[PDB]
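What follows is the content of final_31.cif (mmCIF, C-alpha atoms and all ligand atoms).
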```
data_start
loop_
_atom_site.label_atom_id
_atom_site.label_comp_id
_atom_site.auth_asym_id
_atom_site.auth_seq_id
_atom_site.Cartn_x
_atom_site.Cartn_y
_atom_site.Cartn_z
CA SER A 1 7.92 -21.85 2.57
CA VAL A 2 4.72 -19.89 3.21
CA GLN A 3 1.72 -20.80 1.07
CA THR A 4 -0.43 -18.17 -0.64
CA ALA A 5 -3.76 -17.83 -2.39
CA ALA A 6 -5.03 -14.86 -4.40
CA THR A 7 -8.26 -13.45 -5.78
CA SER A 8 -9.18 -10.26 -7.56
CA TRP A 9 -12.26 -8.48 -8.88
CA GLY A 10 -13.32 -5.61 -11.03
CA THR A 11 -11.10 -3.50 -13.23
CA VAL A 12 -9.23 -1.41 -10.64
CA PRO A 13 -8.63 -4.14 -9.56
CA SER A 14 -9.08 -5.11 -5.99
CA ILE A 15 -6.76 -7.98 -4.99
CA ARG A 16 -6.67 -10.04 -1.82
CA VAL A 17 -3.69 -12.24 -1.02
CA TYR A 18 -3.87 -14.77 1.82
CA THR A 19 -0.76 -16.25 3.33
CA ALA A 20 -0.52 -19.37 5.50
CA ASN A 21 2.56 -18.98 7.70
CA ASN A 22 3.23 -21.14 10.71
CA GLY A 23 -0.39 -22.22 11.23
CA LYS A 24 -1.87 -18.79 10.74
CA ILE A 25 -3.46 -17.17 7.67
CA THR A 26 -3.25 -13.40 7.21
CA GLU A 27 -4.54 -11.12 4.44
CA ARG A 28 -2.97 -8.37 2.35
CA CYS A 29 -5.23 -6.09 0.36
CA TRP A 30 -5.04 -3.88 -2.67
CA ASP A 31 -7.87 -1.53 -3.68
CA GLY A 32 -5.78 0.71 -6.02
CA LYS A 33 -3.96 2.82 -3.40
CA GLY A 34 -1.36 0.64 -1.75
CA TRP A 35 -1.16 -2.68 0.04
CA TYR A 36 -2.66 -2.87 3.50
CA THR A 37 -3.34 -5.49 6.09
CA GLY A 38 -6.85 -6.81 5.94
CA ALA A 39 -9.20 -7.92 8.73
CA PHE A 40 -8.90 -11.63 7.99
CA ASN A 41 -6.89 -13.53 10.54
CA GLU A 42 -7.70 -17.20 11.16
CA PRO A 43 -5.84 -20.44 11.83
CA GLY A 44 -4.71 -22.59 8.96
CA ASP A 45 -1.81 -24.39 7.33
CA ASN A 46 -3.31 -24.19 3.85
CA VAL A 47 -5.49 -21.65 2.13
CA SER A 48 -7.55 -21.34 -1.03
CA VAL A 49 -9.91 -18.58 -2.08
CA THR A 50 -12.60 -17.71 -4.59
CA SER A 51 -14.74 -14.62 -5.04
CA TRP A 52 -17.63 -13.37 -7.17
CA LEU A 53 -19.48 -10.12 -7.77
CA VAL A 54 -23.19 -9.49 -7.48
CA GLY A 55 -23.43 -6.19 -9.29
CA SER A 56 -20.80 -4.14 -7.48
CA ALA A 57 -20.89 -6.19 -4.23
CA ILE A 58 -17.98 -8.63 -3.66
CA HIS A 59 -18.39 -11.99 -1.97
CA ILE A 60 -15.31 -13.90 -0.89
CA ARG A 61 -14.90 -17.45 0.36
CA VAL A 62 -11.65 -18.51 2.00
CA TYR A 63 -11.01 -22.21 2.72
CA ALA A 64 -8.64 -22.66 5.64
CA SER A 65 -7.32 -26.11 6.48
CA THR A 66 -5.44 -27.54 9.44
CA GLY A 67 -4.96 -31.31 9.41
CA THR A 68 -8.02 -32.75 7.69
CA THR A 69 -10.36 -29.99 8.80
CA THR A 70 -11.34 -27.23 6.38
CA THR A 71 -13.27 -24.19 7.54
CA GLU A 72 -14.94 -21.82 5.10
CA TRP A 73 -14.83 -18.10 5.92
CA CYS A 74 -17.28 -15.72 4.22
CA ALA A 75 -17.05 -11.98 3.45
CA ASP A 76 -20.38 -10.66 2.13
CA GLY A 77 -20.02 -6.96 3.07
CA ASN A 78 -20.26 -7.02 6.93
CA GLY A 79 -16.99 -8.75 7.99
CA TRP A 80 -16.03 -12.41 8.21
CA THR A 81 -18.41 -15.22 9.17
CA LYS A 82 -18.03 -19.00 9.28
CA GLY A 83 -19.71 -20.73 6.32
CA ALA A 84 -21.66 -23.95 5.99
CA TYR A 85 -18.97 -25.81 4.07
CA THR A 86 -17.95 -29.22 5.34
CA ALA A 87 -15.39 -31.43 3.64
CA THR A 88 -17.60 -34.40 4.26
CA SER B 1 5.08 -33.06 -5.23
CA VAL B 2 5.22 -30.03 -7.48
CA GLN B 3 2.73 -27.29 -6.66
CA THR B 4 0.65 -25.47 -9.27
CA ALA B 5 -1.55 -22.42 -9.73
CA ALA B 6 -3.88 -21.75 -12.64
CA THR B 7 -5.78 -18.86 -14.17
CA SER B 8 -7.85 -18.38 -17.32
CA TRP B 9 -9.72 -15.70 -19.17
CA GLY B 10 -12.12 -15.19 -22.02
CA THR B 11 -14.08 -17.94 -23.69
CA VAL B 12 -11.40 -19.53 -25.95
CA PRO B 13 -10.07 -19.74 -23.24
CA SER B 14 -6.53 -18.65 -22.52
CA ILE B 15 -5.06 -20.58 -19.58
CA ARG B 16 -1.85 -20.11 -17.66
CA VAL B 17 -0.49 -22.77 -15.33
CA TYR B 18 2.42 -22.02 -13.01
CA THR B 19 4.43 -24.84 -11.46
CA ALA B 20 6.80 -24.61 -8.51
CA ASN B 21 9.33 -27.49 -8.81
CA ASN B 22 12.68 -27.63 -7.01
CA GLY B 23 12.60 -23.92 -6.21
CA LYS B 24 11.80 -22.73 -9.71
CA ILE B 25 8.46 -21.55 -11.06
CA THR B 26 7.75 -22.07 -14.74
CA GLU B 27 4.73 -21.21 -16.90
CA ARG B 28 2.76 -23.21 -19.40
CA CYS B 29 0.31 -21.52 -21.68
CA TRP B 30 -2.79 -22.33 -23.75
CA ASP B 31 -4.50 -19.91 -26.13
CA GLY B 32 -6.51 -22.42 -28.15
CA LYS B 33 -3.70 -23.80 -30.32
CA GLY B 34 -1.59 -26.07 -28.06
CA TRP B 35 0.44 -25.84 -24.86
CA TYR B 36 3.64 -23.86 -24.93
CA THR B 37 6.20 -22.73 -22.39
CA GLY B 38 5.75 -19.10 -21.33
CA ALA B 39 8.27 -16.37 -20.53
CA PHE B 40 7.68 -16.52 -16.77
CA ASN B 41 10.61 -18.12 -14.99
CA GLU B 42 11.39 -16.99 -11.47
CA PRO B 43 12.45 -18.53 -8.20
CA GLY B 44 9.88 -19.89 -5.78
CA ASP B 45 8.81 -22.87 -3.71
CA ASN B 46 5.15 -21.81 -3.74
CA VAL B 47 3.00 -20.00 -6.28
CA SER B 48 -0.44 -18.43 -6.55
CA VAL B 49 -1.96 -16.39 -9.32
CA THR B 50 -4.85 -14.13 -10.16
CA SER B 51 -5.82 -12.27 -13.34
CA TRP B 52 -8.43 -9.76 -14.53
CA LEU B 53 -9.56 -8.26 -17.85
CA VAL B 54 -9.76 -4.57 -18.63
CA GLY B 55 -11.54 -4.70 -21.96
CA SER B 56 -9.55 -7.11 -24.15
CA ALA B 57 -6.40 -6.68 -22.06
CA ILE B 58 -5.44 -9.33 -19.56
CA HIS B 59 -3.56 -8.41 -16.37
CA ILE B 60 -1.82 -11.21 -14.37
CA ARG B 61 -0.29 -11.20 -10.88
CA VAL B 62 1.84 -14.14 -9.81
CA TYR B 63 2.81 -14.47 -6.10
CA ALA B 64 6.07 -16.39 -5.76
CA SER B 65 7.22 -17.37 -2.30
CA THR B 66 10.52 -18.65 -0.97
CA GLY B 67 10.70 -18.95 2.79
CA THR B 68 8.70 -16.04 4.23
CA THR B 69 9.38 -13.79 1.25
CA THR B 70 6.64 -13.37 -1.33
CA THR B 71 7.39 -11.48 -4.53
CA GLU B 72 4.61 -10.26 -6.82
CA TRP B 73 5.19 -10.42 -10.52
CA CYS B 74 3.13 -8.37 -12.99
CA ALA B 75 2.30 -8.63 -16.68
CA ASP B 76 -0.52 -7.39 -18.97
CA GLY B 77 -1.58 -6.99 -22.56
CA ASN B 78 -3.56 -7.82 -25.64
CA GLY B 79 -3.12 -11.15 -27.36
CA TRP B 80 -2.83 -11.59 -31.14
CA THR B 81 -5.71 -10.25 -33.24
CA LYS B 82 -6.22 -9.38 -36.88
CA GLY B 83 -5.67 -5.73 -37.71
CA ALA B 84 -7.29 -3.31 -40.12
CA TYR B 85 -4.59 -3.48 -42.77
CA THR B 86 -5.65 -4.07 -46.30
CA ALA B 87 -3.52 -3.85 -49.43
CA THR B 88 -6.29 -1.92 -51.32
CA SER C 1 0.43 -32.67 7.04
CA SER C 2 -2.64 -30.51 6.23
CA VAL C 3 -4.94 -31.17 3.31
CA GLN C 4 -4.58 -28.87 0.40
CA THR C 5 -7.47 -27.19 -1.36
CA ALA C 6 -8.38 -25.25 -4.50
CA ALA C 7 -11.59 -23.40 -5.18
CA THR C 8 -13.49 -21.91 -8.12
CA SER C 9 -16.88 -20.25 -8.47
CA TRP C 10 -19.16 -18.87 -11.18
CA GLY C 11 -22.29 -16.86 -11.64
CA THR C 12 -24.18 -14.98 -8.95
CA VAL C 13 -25.98 -17.77 -7.14
CA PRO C 14 -23.08 -18.74 -7.00
CA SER C 15 -21.88 -22.14 -7.83
CA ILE C 16 -18.71 -23.10 -5.97
CA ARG C 17 -16.42 -26.12 -6.34
CA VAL C 18 -13.83 -26.96 -3.70
CA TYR C 19 -11.17 -29.62 -4.49
CA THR C 20 -9.30 -31.25 -1.55
CA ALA C 21 -6.11 -33.29 -1.82
CA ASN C 22 -5.96 -35.57 1.22
CA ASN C 23 -3.48 -38.37 1.49
CA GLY C 24 -2.97 -38.67 -2.21
CA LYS C 25 -6.57 -38.41 -3.39
CA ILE C 26 -8.50 -35.37 -4.63
CA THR C 27 -12.22 -35.14 -4.06
CA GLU C 28 -14.78 -32.40 -4.80
CA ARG C 29 -17.46 -30.62 -2.82
CA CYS C 30 -20.07 -28.57 -4.63
CA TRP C 31 -22.49 -25.72 -3.92
CA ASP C 32 -25.17 -24.67 -6.43
CA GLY C 33 -27.31 -22.68 -4.01
CA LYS C 34 -28.99 -25.47 -2.09
CA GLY C 35 -26.46 -27.13 0.16
CA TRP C 36 -23.06 -28.74 -0.17
CA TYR C 37 -22.82 -32.09 -1.91
CA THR C 38 -20.04 -34.40 -3.01
CA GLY C 39 -19.20 -34.08 -6.65
CA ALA C 40 -18.20 -36.55 -9.30
CA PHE C 41 -14.49 -35.65 -9.42
CA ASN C 42 -12.29 -38.27 -7.80
CA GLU C 43 -8.70 -38.68 -9.03
CA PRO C 44 -5.25 -39.08 -7.48
CA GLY C 45 -3.12 -36.11 -6.43
CA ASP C 46 -1.12 -34.56 -3.58
CA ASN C 47 -1.57 -31.00 -4.89
CA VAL C 48 -4.43 -29.37 -6.71
CA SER C 49 -5.24 -26.19 -8.55
CA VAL C 50 -8.30 -25.20 -10.57
CA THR C 51 -9.67 -22.67 -12.98
CA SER C 52 -13.03 -22.37 -14.74
CA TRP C 53 -14.78 -20.24 -17.35
CA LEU C 54 -18.27 -19.75 -18.73
CA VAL C 55 -19.20 -19.99 -22.40
CA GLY C 56 -22.64 -18.50 -22.14
CA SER C 57 -24.27 -20.46 -19.35
CA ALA C 58 -21.99 -23.54 -19.81
CA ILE C 59 -19.27 -23.98 -17.22
CA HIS C 60 -15.92 -25.47 -18.12
CA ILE C 61 -13.54 -26.56 -15.38
CA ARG C 62 -9.88 -27.53 -15.46
CA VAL C 63 -8.31 -29.22 -12.45
CA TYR C 64 -4.54 -29.67 -12.30
CA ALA C 65 -3.65 -32.63 -10.14
CA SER C 66 -0.05 -33.27 -9.19
CA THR C 67 1.70 -36.28 -7.71
CA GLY C 68 5.50 -36.15 -7.69
CA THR C 69 6.60 -34.30 -10.81
CA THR C 70 3.53 -35.38 -12.80
CA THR C 71 0.69 -32.93 -13.26
CA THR C 72 -2.46 -34.22 -14.93
CA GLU C 73 -5.18 -31.91 -16.26
CA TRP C 74 -8.78 -33.01 -15.77
CA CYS C 75 -11.51 -31.45 -17.88
CA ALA C 76 -15.19 -30.93 -17.19
CA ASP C 77 -16.99 -29.83 -20.35
CA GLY C 78 -20.24 -31.84 -19.97
CA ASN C 79 -18.92 -35.30 -20.91
CA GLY C 80 -17.79 -36.35 -17.37
CA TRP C 81 -14.22 -35.69 -16.31
CA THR C 82 -11.66 -36.37 -19.04
CA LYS C 83 -7.89 -36.13 -19.25
CA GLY C 84 -6.62 -33.04 -20.98
CA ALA C 85 -3.65 -32.39 -23.21
CA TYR C 86 -1.69 -30.36 -20.69
CA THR C 87 1.94 -31.38 -20.08
CA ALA C 88 4.39 -29.54 -17.77
CA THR C 89 7.20 -29.44 -20.36
CA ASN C 90 7.89 -29.83 -24.08
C1 LIG A 101 -2.70 -3.99 -9.32
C2 LIG A 101 -1.35 -3.46 -8.84
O1 LIG A 101 -0.46 -3.45 -9.96
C3 LIG A 101 0.74 -2.76 -9.64
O2 LIG A 101 0.36 -1.42 -9.33
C4 LIG A 101 1.47 -3.46 -8.51
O3 LIG A 101 2.66 -2.77 -8.19
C5 LIG A 101 0.58 -3.63 -7.29
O4 LIG A 101 1.28 -4.35 -6.32
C6 LIG A 101 -0.73 -4.29 -7.74
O5 LIG A 101 -0.46 -5.61 -8.20
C1 LIG A 102 -13.38 -7.22 1.13
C2 LIG A 102 -12.79 -6.88 2.48
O1 LIG A 102 -11.81 -5.79 2.27
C3 LIG A 102 -11.22 -5.36 3.48
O2 LIG A 102 -12.22 -4.66 4.21
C4 LIG A 102 -10.53 -6.38 4.32
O3 LIG A 102 -10.03 -5.80 5.55
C5 LIG A 102 -11.47 -7.63 4.60
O4 LIG A 102 -10.69 -8.53 5.28
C6 LIG A 102 -12.05 -7.99 3.19
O5 LIG A 102 -10.95 -8.45 2.39
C1 LIG A 103 -22.42 -19.32 -1.19
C2 LIG A 103 -22.71 -19.87 0.18
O1 LIG A 103 -22.71 -18.79 1.13
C3 LIG A 103 -23.05 -19.17 2.44
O2 LIG A 103 -24.41 -19.60 2.45
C4 LIG A 103 -22.21 -20.27 3.05
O3 LIG A 103 -22.69 -20.70 4.31
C5 LIG A 103 -22.14 -21.46 2.08
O4 LIG A 103 -21.34 -22.46 2.59
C6 LIG A 103 -21.75 -20.92 0.69
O5 LIG A 103 -20.42 -20.42 0.77
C1 LIG A 104 -19.86 -28.84 -12.83
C2 LIG A 104 -20.12 -30.26 -12.27
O1 LIG A 104 -21.03 -30.16 -11.17
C3 LIG A 104 -21.37 -31.40 -10.58
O2 LIG A 104 -22.11 -32.13 -11.55
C4 LIG A 104 -20.15 -32.16 -10.16
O3 LIG A 104 -20.57 -33.50 -9.72
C5 LIG A 104 -19.14 -32.31 -11.28
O4 LIG A 104 -17.96 -32.99 -10.82
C6 LIG A 104 -18.82 -30.91 -11.81
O5 LIG A 104 -18.28 -30.09 -10.77
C1 LIG A 105 -8.94 -25.63 -22.99
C2 LIG A 105 -8.29 -26.90 -23.49
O1 LIG A 105 -9.28 -27.92 -23.41
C3 LIG A 105 -8.81 -29.17 -23.92
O2 LIG A 105 -8.54 -28.99 -25.30
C4 LIG A 105 -7.58 -29.70 -23.22
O3 LIG A 105 -7.12 -30.89 -23.84
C5 LIG A 105 -6.49 -28.63 -23.20
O4 LIG A 105 -5.35 -29.09 -22.55
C6 LIG A 105 -7.08 -27.31 -22.68
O5 LIG A 105 -7.46 -27.48 -21.32
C1 LIG A 106 -0.13 -13.43 -21.12
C2 LIG A 106 1.31 -13.79 -21.56
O1 LIG A 106 1.32 -14.82 -22.56
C3 LIG A 106 2.63 -15.05 -23.15
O2 LIG A 106 2.61 -15.90 -24.36
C4 LIG A 106 3.54 -15.59 -22.08
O3 LIG A 106 4.91 -15.87 -22.49
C5 LIG A 106 3.59 -14.58 -20.89
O4 LIG A 106 4.46 -15.00 -19.89
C6 LIG A 106 2.19 -14.22 -20.41
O5 LIG A 106 1.58 -15.40 -19.80
#
```

Once more with this new file: its structure as structure tokens, please.
Ligand SMILES: C[C@@H]1O[C@@H](O)[C@@H](O)[C@H](O)[C@@H]1O
Ligand SMILES: C[C@@H]1O[C@@H](O)[C@@H](O)[C@H](O)[C@@H]1O
Ligand SMILES: C[C@@H]1O[C@@H](O)[C@@H](O)[C@H](O)[C@@H]1O
Ligand SMILES: C[C@@H]1O[C@@H](O)[C@@H](O)[C@H](O)[C@@H]1O
Ligand SMILES: C[C@@H]1O[C@@H](O)[C@@H](O)[C@H](O)[C@@H]1O
Ligand SMILES: C[C@@H]1O[C@H](O)[C@@H](O)[C@H](O)[C@@H]1O
Amino acid sequence: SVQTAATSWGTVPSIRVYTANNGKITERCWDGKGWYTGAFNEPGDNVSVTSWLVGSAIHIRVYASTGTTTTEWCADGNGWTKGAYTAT
Amino acid sequence: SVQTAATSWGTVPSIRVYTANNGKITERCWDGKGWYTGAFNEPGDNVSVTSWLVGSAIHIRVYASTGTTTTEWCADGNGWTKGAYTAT
Amino acid sequence: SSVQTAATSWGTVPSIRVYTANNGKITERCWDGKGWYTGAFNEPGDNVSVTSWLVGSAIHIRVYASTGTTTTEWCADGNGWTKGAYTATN
């Protein structure tokens, strides 16, 4: 079975749903006007997500794992960047 | 092992915990006064959840997956509060 | 297979907590603005979820750790991590 993770923000709301399927994580997006495919596409067998607002600006962190390696992906308004997270 | 997803809201808080076990997802609930089994019962091998407030009203989305098929389930509302009635 | 994670965050700094189940043990990595560090949480589990809420400026965290058909709730309220009253069934 695929594995999903979800976040949301605001009152509209916006929702982002990440799905790990066959070693790849993809993103479906809701901003009030229908589901669409988001920009996020990265390798992983497992996904988690959290997000927070700074005023009206959304920040998202997606944790993608394959084997024992977890990579953090960051959305801070300009598209996705690798974060500093290490699992240790 | 069973797989869970959790969400919470307010400052009481209210918590909802969803558990996928043997292809069924069930819901346990906390609103300050003990754990109880919720109405949510739907098929799934994997679950995620998110929730947001609009004023006092909570809105919940549960993402239930079996195979490659993810179904979104939706609920919302206002929990129990004392009303204006007086016997005057 | 792959490790399994859960994440929560609060405030605007923000603070982030990332729980990882790896080979039957869940550990915690923490961000409070100044670098990632290993947290106090360390308990058994193959699967993990988490939620948290603020009461004013006080964070409260609940981690749901599952092994087999047993899910244990762990509570962070300022007294270390304690076992909560959650059970999966009546
Ligand atoms: C916030 C939205 O709520 C309903 O409109 C659903 O049909 C959508 O899929 C979304 O969850
Ligand atoms: C907040 C951002 O919203 C859309 O632009 C998506 O395409 C990105 O992947 C991200 O989720
Ligand atoms: C909130 C922080 O944002 C960026 O600085 C990342 O590189 C960190 O790992 C963290 O996610
Ligand atoms: C909120 C707390 O932050 C750090 O003190 C961690 O070591 C604890 O495990 C908890 O996450
Ligand atoms: C919010 C509540 O906090 C404690 O009372 C736990 O024992 C409960 O199970 C619940 O998590
Ligand atoms: C918010 C709602 O609380 C109720 O008591 C539950 O039975 C519903 O399934 C839902 O979680």

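Chain copies chain A and chain B align, over all their C-alpha atoms in order, to a least-squares RMSD of 11.3 Å.
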
Between chain B and chain C, at 12 Å or less, what are the per-residue closest atom pairs and their distances in Å? Count all atoms listed in the file, order by chain and rising residue number, and return it as JSON lines.
```
{"residue": "B:1", "atom": "CA", "partner": "C:68", "partner_atom": "CA", "distance": 4.0}
{"residue": "B:2", "atom": "CA", "partner": "C:69", "partner_atom": "CA", "distance": 5.6}
{"residue": "B:3", "atom": "CA", "partner": "C:47", "partner_atom": "CA", "distance": 5.9}
{"residue": "B:4", "atom": "CA", "partner": "C:49", "partner_atom": "CA", "distance": 6.0}
{"residue": "B:5", "atom": "CA", "partner": "C:49", "partner_atom": "CA", "distance": 5.4}
{"residue": "B:6", "atom": "CA", "partner": "C:51", "partner_atom": "CA", "distance": 5.9}
{"residue": "B:7", "atom": "CA", "partner": "C:51", "partner_atom": "CA", "distance": 5.6}
{"residue": "B:8", "atom": "CA", "partner": "C:51", "partner_atom": "CA", "distance": 6.4}
{"residue": "B:9", "atom": "CA", "partner": "C:53", "partner_atom": "CA", "distance": 7.0}
{"residue": "B:10", "atom": "CA", "partner": "C:53", "partner_atom": "CA", "distance": 7.4}
{"residue": "B:11", "atom": "CA", "partner": "C:55", "partner_atom": "CA", "distance": 5.7}
{"residue": "B:12", "atom": "CA", "partner": "C:55", "partner_atom": "CA", "distance": 8.6}
{"residue": "B:13", "atom": "CA", "partner": "C:53", "partner_atom": "CA", "distance": 7.6}
{"residue": "B:14", "atom": "CA", "partner": "C:53", "partner_atom": "CA", "distance": 9.9}
{"residue": "B:15", "atom": "CA", "partner": "C:51", "partner_atom": "CA", "distance": 8.3}
{"residue": "B:16", "atom": "CA", "partner": "C:51", "partner_atom": "CA", "distance": 9.5}
{"residue": "B:17", "atom": "CA", "partner": "C:64", "partner_atom": "CA", "distance": 8.6}
{"residue": "B:18", "atom": "CA", "partner": "C:88", "partner_atom": "CA", "distance": 9.1}
{"residue": "B:19", "atom": "CA", "partner": "C:88", "partner_atom": "CA", "distance": 7.9}
{"residue": "B:20", "atom": "CA", "partner": "C:69", "partner_atom": "CA", "distance": 10.0}
{"residue": "B:21", "atom": "CA", "partner": "C:69", "partner_atom": "CA", "distance": 7.6}
{"residue": "B:22", "atom": "CA", "partner": "C:69", "partner_atom": "CA", "distance": 9.8}
{"residue": "B:25", "atom": "CA", "partner": "C:88", "partner_atom": "CA", "distance": 11.2}
{"residue": "B:26", "atom": "CA", "partner": "C:88", "partner_atom": "CA", "distance": 8.7}
{"residue": "B:27", "atom": "CA", "partner": "C:88", "partner_atom": "CA", "distance": 8.4}
{"residue": "B:28", "atom": "CA", "partner": "C:88", "partner_atom": "CA", "distance": 6.7}
{"residue": "B:29", "atom": "CA", "partner": "C:86", "partner_atom": "CA", "distance": 9.1}
{"residue": "B:30", "atom": "CA", "partner": "C:86", "partner_atom": "CA", "distance": 8.7}
{"residue": "B:32", "atom": "CA", "partner": "C:85", "partner_atom": "CA", "distance": 11.5}
{"residue": "B:33", "atom": "CA", "partner": "C:85", "partner_atom": "CA", "distance": 11.2}
{"residue": "B:34", "atom": "CA", "partner": "C:85", "partner_atom": "CA", "distance": 8.2}
{"residue": "B:35", "atom": "CA", "partner": "C:86", "partner_atom": "CA", "distance": 6.5}
{"residue": "B:36", "atom": "CA", "partner": "C:90", "partner_atom": "CA", "distance": 7.4}
{"residue": "B:37", "atom": "CA", "partner": "C:89", "partner_atom": "CA", "distance": 7.1}
{"residue": "B:38", "atom": "CA", "partner": "C:89", "partner_atom": "CA", "distance": 10.5}
{"residue": "B:46", "atom": "CA", "partner": "C:47", "partner_atom": "CA", "distance": 11.4}
{"residue": "B:47", "atom": "CA", "partner": "C:49", "partner_atom": "CA", "distance": 10.6}
{"residue": "B:48", "atom": "CA", "partner": "C:49", "partner_atom": "CA", "distance": 9.3}
{"residue": "B:49", "atom": "CA", "partner": "C:49", "partner_atom": "CA", "distance": 10.4}
{"residue": "B:50", "atom": "CA", "partner": "C:51", "partner_atom": "CA", "distance": 10.2}
{"residue": "B:51", "atom": "CA", "partner": "C:51", "partner_atom": "CA", "distance": 11.1}
```

Legend entry - Selection as an MDAnalysis selection string: residues within 6 Å of (-17.8, -31.2, -3.4), counting all atoms listed in the file: chainID C and resid 18 28:30 37:39

Could you give me the axis-aligned bounding box of region 62-80 of chain C, with 8 Å of padding per side, as centre plus edge lengths in Å to one decimal, as lines of an AutoDock Vina configuration file?
```
center_x = -6.8
center_y = -31.9
center_z = -14.3
size_x = 42.8
size_y = 24.8
size_z = 29.2
```

Inset, instruction - All residues within 8 Å of ligand LIG 103 (chain A) are required, counting only C-alpha atoms and all ligand atoms; please report them as JSON, numbers by chain. - result: {"A": [61, 72, 73, 74, 82, 83, 84, 85], "C": [13, 14, 15, 16, 31, 32, 33, 35, 36]}

As a short mmCIF file (atom, residue, chain, number, x, y, z; two decimals) with C-alpha atoms, in the frame of the given file, please: the residues near residue 41 (chain C) (cut-off 8 Å, only C-alpha atoms, same-chain neighbours under 5 positions excluded).
```cif
data_model
loop_
_atom_site.label_atom_id
_atom_site.label_comp_id
_atom_site.auth_asym_id
_atom_site.auth_seq_id
_atom_site.Cartn_x
_atom_site.Cartn_y
_atom_site.Cartn_z
CA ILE C 26 -8.50 -35.37 -4.63
CA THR C 27 -12.22 -35.14 -4.06
CA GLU C 28 -14.78 -32.40 -4.80
CA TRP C 81 -14.22 -35.69 -16.31
#
```

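Of note, CA of residue 39 (chain B) and CA of residue 7 (chain C) are spaced 26.1 Å apart.
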
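With distances taken from (-4.7, -40.7, -7.2) and restricted to all atoms listed in the file, the residues inside 6 Å are residues 24, 25, 43, 44 and 45 of chain C.
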
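Separating CA of residue 53 (chain B) from CA of residue 77 (chain B) is a distance of 9.4 Å.
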
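Checking A:63, A:52, A:58, A:68 one by one against ligand LIG 102 (chain A), counting all atoms listed in the file, you find the shortest gap at A:58.
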
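What separates CA of residue 72 (chain C) from CA of residue 84 (chain C) is a distance of 7.4 Å.
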